[PDB]
Each structure stands twice: as C-alpha cells, then as structure tokens.
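In: here come the first chain(s), positioned as in the complex:
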Amino acid sequence: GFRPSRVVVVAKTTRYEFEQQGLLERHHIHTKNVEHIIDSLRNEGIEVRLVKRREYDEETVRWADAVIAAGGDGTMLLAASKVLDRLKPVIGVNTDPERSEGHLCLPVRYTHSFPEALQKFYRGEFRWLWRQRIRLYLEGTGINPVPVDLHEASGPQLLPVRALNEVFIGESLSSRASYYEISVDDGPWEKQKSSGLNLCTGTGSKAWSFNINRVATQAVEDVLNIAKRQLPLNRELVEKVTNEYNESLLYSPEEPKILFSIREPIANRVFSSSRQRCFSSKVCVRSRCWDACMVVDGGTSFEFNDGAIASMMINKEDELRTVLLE
C-alpha cells in the first residue's frame, strides 16, 4: 500500500502568469488541471499545500510526505531539484499534454483521471522507481560554489543540488568554444576542445544527451550507400537500423553509469581529441575556461572557470524515489 496524509504540490508558472506577475487557453487549461488534482487529493483526506517557484522551499518539502509536480519535466526537475532524501516520493502530473512532453510525469490518462492513480496507490497497483542522480564535488582554486537559480586553494565540497537529467559544462557565450582537461574513472588527463560536455543519467539519456548523439535517418542513408560504394536495402530498413542504433543511446534510470559526451569537439592537427561518448562511474573536469558555468537540469548554475575542479559521480543515497503506473 501507499497513501500520504500531507502533500505539497508545486505548479509550473504559465506564460500568462510570467507576464502578469493564444496564451490564455494555455493558462485556463493548466489551472483546470491543478484544480482537478487538488480536489482529487482533498477528496481523499489529504492536507495539500499548493506553491509556485519561490514558495516551494525545502521547508515545504520536509512538511509533506510526498511532492507533486503539476507541470512538465522542468517542473519535475524543479521539484526533484529540492529533494535529497531517497525515501521521499516525487511525483509529476503532465498538466498540459498538448505542450508539456512530461517524460518524467505519469501517463496522461491520470491527468483528468487523477483519483484513479490515487486508488492505484492505496492499493499498490504500481511500482517504485529510484532514478539515479548525479552529484558534484567542486574543488580547486578561486571556485565559487554559490548556486544560481537560472529561472530568475580549497578542497572538495558538495554542491547543493543533485542532477537528475544531466550536468552541462561550457562557456556561457554560446560561440566561445570550451577548453578543459577531463578524467574518466580516474584516467590520465585529456585536453578536449568542444562546445561543451553533457553528463546525463539514464533519466536524461533521453533528454539533452539524446539530441546530441542521435543520428539522422539521412546520415544513415548516406553512410550505407557509401558502404556498398566504398546486400542493399530500402526505406523500411533505414529505420530498422537507425533506431537500433539510437536505442543504444538510452539506458535504464536505475543503472548507475554516467553517460558523458563531448559536444562538438574540434578535430585537426593542433587539437587532437579523444572519444565522443562512453559510459563511466566517475568523471573529473579541470576548467581551463574563461567564463563557463556548470548547468544542472537546465535550472541551477555554478561558476566554473579556470583552476576549478568539478568531479561527478553517482551515489545511491541520491536515487530519486519515483513511482510508475500502467
């Protein structure tokens, strides 16, 4: 079984609010789905607190026996940003299924049919899913560990956020390429040059790390012609090879490997570079950057310039307690 007696809900802040604080149809809907959620809860003898960005403090989180994101994977990532305890269930409801993807949120039937999931909880007609998350240690010189809420010679210190999707590292200016020395599973330092790095979990293996590494159905077409050029096949086969490739880009969130990737490295005779991607347990990056940041779930940011040393790994006491319905 499972039913909590205290719940905080953290609702995204629709563009119609973003301004006030076809964009009305947007807001009326998100409202008409927060409403259906809170009223389904209160119909089950459940004290609920409803909050937005700055209200949603960890004090709220401690109070509640579970946490609901009423929004999208952002709002998931948001709520899942302020949760360190691997026992606290974090739950998201896709509040806008024509706009919000909601890959971290429940099946979309449960949006307007919410008491149904709730029943499935009291009865346990579900599963528990502990998604691994990435934690980050910052050492080096001149470092600056104060996080930055993007949504408006020292030692190793634990930064106050766990990365559920990925950690992004690169120059702030999107056009100034990035320089840093990197070490994987405690290997020798290799000076890469790229437009950044991306160290996802299996949760975020579908996220940003997918759209980097994935290939074109065309780039597949090309390479295959070129192969019999340098038993043929057709349109249908192109996709029954292309996806089997791109499948090998995703892994199970429970798997505790980090999938790091070089984001557009730089070839040539003065910038000899390593691999594109591979899995690991632990990475370590020495910023040789002038004005870069460390960017977690596209939501929190740390100053990561020269002499700073960030080192990412997975720890079990970070796995995120989430659920799972048929």
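Out: Great, that's in hand. Numbers count the residues shown, from 1 in each chain, chains lettered A, B, ... in the order given.
In: quick one: neighbours of the nearest residue to residue A:213 once chain neighbours are set aside, just the number.
Out: In space, and not counting its chain neighbours, residue A:213 is closest to residue A:249: 5.3 Å by CB to CB, 6 or more residues apart in numbering. Every C-beta, even on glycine, is put in place using the N, C-alpha and C of the backbone. Neighbourhood size, residue A:249 [other CB atoms under 10 Å]: 19.
In: how close does residue A:249 sit to residue A:200?
Out: Look at residue A:249 and residue A:200: by CB to CB, to the nearest Å, they are 10 Å apart.
In: tell me what the helix or strand hosting residue A:283 is packed against?
Out: Under the assignment given by DSSP states H and E, the secondary-structure element containing residue A:283 is strand A:282-287. Here strand A:282-287 is seen to pack against strand A:178-184, strand A:258-261, strand A:308-314 when contacts are counted using 3 or more CB pairs under 8 Å, 6 or more residues apart in numbering; DSSP states H and E.
In: residues making contact with the shortest one?
Out: What it means is strand A:258-261. The set of residues that contact strand A:258-261 without belonging to it, under CB atoms under 8 Å, 6 or more residues apart in numbering, is A:134, A:184, A:197-202, A:205, A:209, A:212-213, A:251, A:276-283, A:312-314.
In: filter the residues you listed down to the buried ones, ChimeraX style.
Out: Typed into ChimeraX, the line below selects the buried ones among the contacts of strand A:258-261, using 16 or more other CB atoms under 10 Å:
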select /A:134,184,197,198,199,200,201,202,205,209,212,213,251,277,280,283,312,313,314
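In: just to revisit the earlier point, what pairs with the strand holding residue A:283, and is each one parallel or antiparallel?
Out: In the sheet containing strand A:282-287, the strands it pairs with under DSSP bridges are strand A:178-184 (antiparallel), strand A:308-314 (antiparallel).
In: reformat those as TSV; add distance to residue A:48.
Out: Written out in TSV, the entries for the strands paired with strand A:282-287 read as follows (distance: least, CB to CB, whole Å):
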stretch	distance to residue A:48
strand A:178-184	44
strand A:308-314	33
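In: now for residue A:249 and residue A:200: what residues contact both?
Out: For the pair residue A:249 and residue A:200, residues contacting each of them under the criterion CB under 8 Å, 6+ apart are residue A:209.
In: what about the strands in the stretch 51-200 of chain A?
Out: All strands of the stretch 51-200 of chain A, identified by DSSP state E, counting those that start in this stretch, fall at A:66-71, A:90-94, A:127-131, A:134-140, A:144-149, A:154-158, A:166-171, A:178-184, A:190-194, A:197-200.
In: of those, which is nearest residue A:1?
Out: Comparison of the strands of the stretch 51-200 of chain A against residue A:1 by CB to CB identifies strand A:127-131 as nearest, at 12.3 Å.
In: looking at the helices and strands packed on strand A:282-287, which one is packed in the most?
Out: The highest mean neighbour count among those, using mean count of other CB atoms under 10 Å, belongs to strand A:258-261: a mean of 24.
In: distance between that one and the chain's centre?
Out: Relative to the centre of its chain, strand A:258-261 is centred 13 Å away, using CA atoms, centre = their mean, to the nearest Å.
In: output that strand as CSV, restricted to C-alpha atoms.
Out: Once non-C-alpha atoms are left out, strand A:258-261 reads as follows in CSV (Å, rounded to 0.1, in the frame of the first residue of the first chain):
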residue,chain,number,x,y,z
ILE,A,258,27.2,8.3,-16.2
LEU,A,259,26.9,8.8,-20.0
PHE,A,260,29.2,11.7,-20.8
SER,A,261,29.6,13.1,-24.2
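In: one more chain, chain B:
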Amino acid sequence: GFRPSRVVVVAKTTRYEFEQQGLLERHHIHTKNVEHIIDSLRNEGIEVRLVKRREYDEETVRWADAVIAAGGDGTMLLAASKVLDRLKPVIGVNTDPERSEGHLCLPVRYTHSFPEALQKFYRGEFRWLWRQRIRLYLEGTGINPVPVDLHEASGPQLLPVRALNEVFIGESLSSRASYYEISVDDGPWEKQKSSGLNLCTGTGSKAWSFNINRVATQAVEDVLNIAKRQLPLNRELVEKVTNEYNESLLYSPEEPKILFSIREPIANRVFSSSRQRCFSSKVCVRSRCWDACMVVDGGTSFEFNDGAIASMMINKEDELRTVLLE
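Out: Next up, chain B placed on what we already have:
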C-alpha cells in the same frame, strides 16, 4: 602580376598582451613572426601600418591596397569582417603554427619564408580565390541592429558585417533551448526547436558546421554491425566509409549555397521537427526567442529576440578576394 604599395597588418593580441593590457614563449614567437613579416614587406618598398583590435578601423583598410592578418582564422575572420569590397585582397599569415590552425592563412612555409610568397605575388605564381560570404537582413518588430563586438514595425536593413564562416542563432544561455520559425528558399514556415542553427559558407563548412554534423568512426562502426544484424568489413574499411561521408559535409568556398543545419533539434510527439541540414540559396528565420543573439564568425553579435526577422543569402558583391599558394 600583383604587388601593393600600401599594406595594413592586423596582428592578433596574444594572451600575454591580453593580461598586460608558458604564455611568454607564446608571445615571443608571435612577435618573431610579425617582425619577419613587416621587415620582409619593408624590404620590398611597401609602406606598412601595423595595428591591433581597436586601431584596425575601416579607415586603415581604405588606405591600404591590401590587408594582412598576422594570427589565425580568428584574425582572418577579424580582418575579413571589416572588408566589404570584393576587390580588396585579404591575406592571412599563420603566425603561430603550433597553436593557430590557420585554415584561412597561407601555407606554413610562408610564415618564416615570407619574401617567397611576395615574389610569388610580383610574379603571379599564385591564384585568386573569392570566397563567398553570407549577408544578413533584419526586419520585424522591436529589432536592434547595432552590432556588438564580442571581443570586448520596421523594414529590412542590411547589417554591417558579412559572415565568412557562419552565422550562429540561438539563446545566449547555453541551456535554454531555442524556438523560431524558419523558411528556406522561400518555403512554408516550419517551427523548429533546437540548441541553435548554423548557416555556414563553404569556407566555414570546415569550421563550426563540420563538428556539428560530422559522425564518429564509432557511430559508423555501430551502424554497420547493426546493419548486418538488422558483406562485412574491418577497421580499414570503417575509415574509407566514414570520411567519404564526412567529405560530403564540405563544399568549395566559391560555391554560393548556404549550408544550414539544425543544432540538436528536439524529437517527440509535441515537437515534430524538419531536417538536420541541407543546402540553400536563401534562409529566413523568425525569432520566437526570449534572449537569443545572431553571432557572425564568432565575433560580432546582434540582438535577435521575438518578432525580429533575419534573412540570410549570398550576394556576389560579398565574395572575399583571397589568394592561394602551392
């Protein structure tokens, strides 16, 4: 034949200067190659003016019969930024061949053997090469056409820079993905979502646009196994297919097609997206962005947020008069 009687030289600004205004070995070398260039010129009866960033004005450029970049492709891009006349020869000398790539600069023998090229000019033992460049028209609402030198309801107006490598468009914050409606060779508008766009010339087909689109020798390995899985071959064959692919990413600078590309678009059931890349004559982009810029050769920048409409094409009167030695 060809020999100019007036020359401006525009030298990069080495890190040892960047600070003052192993980094000394760096500076002593760049100096010992600007020296060898100016003295080779003055040994040919050639008035020379030597300049850095802010000195290098268009007034300098008008005065000189030709323009020399003493640096790298940056310094090339720099000098080639302030030249609109397709008759003014722009010439670059790789001033630091262990660090500067210099794909826009002369062969590297000509760095310490500079009077030799000069002879090759008086004698015409060379070729003229007019690299096509990209020009940019900004229309729409609330637009802001003042350029920004990254190196520290209105009509269409010509922005004051020609793009030699590429024009980059995307959100300034490297993690906030980008939204805009785009039109190619005057086609229907298609709403993409990505980490940016990249519209290069054949000059910059090797540049940024290469490291996006190019594939792994591994991603090739994978896809090929997967093919006979879903006449085999080995390590050697992997590279005699991989490059023949990646070759099809570069085109001749004289060719006046624009190679645009979607930089990490976003898949799924709410973000249906177009193609990765293809050539065109003319693109048009309607910014649906909150805080994006237009970034030219990684050197000049324009504000490109919502309602602004940028539209890129190639015009012959922009081809960049450069040379070519054996």
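In: again for the neighbour count of residue A:249, since chain B is there now?
Out: By the measure other CB atoms under 10 Å in any protein chain shown, the count of residues near residue A:249 is 21.
In: state whether it is indeed within a helix.
Out: No. Under the criterion used here (DSSP: H, G, I helix; E, B strand; the rest coil), residue A:249 is coil, not part of a helix.
In: from residue A:301, how far out is it?
Out: With distances defined as CB to CB, the gap from residue A:249 to residue A:301 amounts to 26 Å.
In: quickly find the element holding residue A:225.
Out: helix A:217-229.
In: neighbouring contacts of that helix?
Out: A:233, A:238-239, A:241-242, A:245, B:213, B:215, B:220, B:223-224, B:227, B:233, B:241-242, B:244-245, B:248, B:275-276 (CB atoms under 8 Å, 6 or more residues apart in numbering or on different chains).
In: nearest to chain B: which residue in the stretch 51-200 of chain A?
Out: Of the stretch 51-200 of chain A, the residue with the smallest distance to chain B, taken as CB to the nearest CB, is residue A:175 at 4.1 Å.
In: nearest spatial neighbour of that residue, chain-adjacent residues omitted?
Out: Closest residue to residue A:175 in three dimensions, ignoring its sequence neighbours and counting by CB to CB, 6 or more residues apart in numbering or on different chains: residue B:298, at 4.1 Å.
In: returning to what we had before: how about the helix holding residue A:225: buried residues?
Out: For helix A:217-229, a neighbour-count test (16 or more other CB atoms under 10 Å in any protein chain shown) marks A:219-220, A:222-224, A:226-227 as buried.
In: before we move on, the earlier item: residues in contact with the residue of the stretch 51-200 of chain A closest to chain B?
Out: B:150, B:168, B:295, B:298, B:301.
In: that one and residue B:167, how far apart?
Out: To residue B:167, residue A:175 is 10 Å away according to CB to CB.
In: got any residues that touch both of these two?
Out: Common contact partners of residue A:175 and residue B:167 (CB under 8 Å, 6+ apart): residue B:295.
In: how close does residue A:54 sit to residue A:31?
Out: When distances are taken as CB to CB, residue A:54 and residue A:31 turn out to be 20 Å apart.
In: what about these two, which has more around it?
Out: Under the neighbour definition other CB under 10 Å, residue A:54 and residue A:31 were set side by side, and residue A:31 has more, 15 against 8.
In: give the contact list for the residue nearest to residue A:175.
Out: Applying CB under 8 Å, 6+ apart to residue B:298 gives the contacts A:175-176, B:74, B:77, B:150, B:165, B:168, B:208.
In: mind listing the residues bridging to the closest residue to residue A:147 other than its chain neighbours?
Out: If you skip the residues right next to it in sequence, residue A:147 has residue A:300 as its closest partner in space, 4.7 Å away by CB to CB, 6+ apart. Note on residue A:300: beta-bridge partners residue A:149, residue A:296, judged by DSSP bridges.
In: got a list of what residue A:300 touches?
Out: A:81, A:147-150, A:161.
In: residue A:317 contacts residue A:130, doesn't it?
Out: No. The criterion here is CB atoms under 8 Å, and residue A:317 misses it with residue A:130 at 10.4 Å.
In: need the residues touching each of those two.
Out: For the pair residue A:317 and residue A:130, residues contacting each of them under the criterion CB under 8 Å, 6+ apart are residue A:86.
In: counting neighbours, go ahead and name the busier of those two.
Out: Comparing residue A:317 with residue A:130 by other CB under 10 Å, the one with more neighbours is residue A:130, at 15 against 11.
In: now do the same contact list for residue A:27.
Out: When contacts are counted by CB under 8 Å, 6+ apart, residue A:27 is found next to A:14-17.
In: so which bits of the stretch 1-150 of chain A are right by chain B?
Out: Where the stretch 1-150 of chain A comes near chain B, counting by CB under 8 Å from any CB of the partner chain, the residues are A:98-101, A:150.
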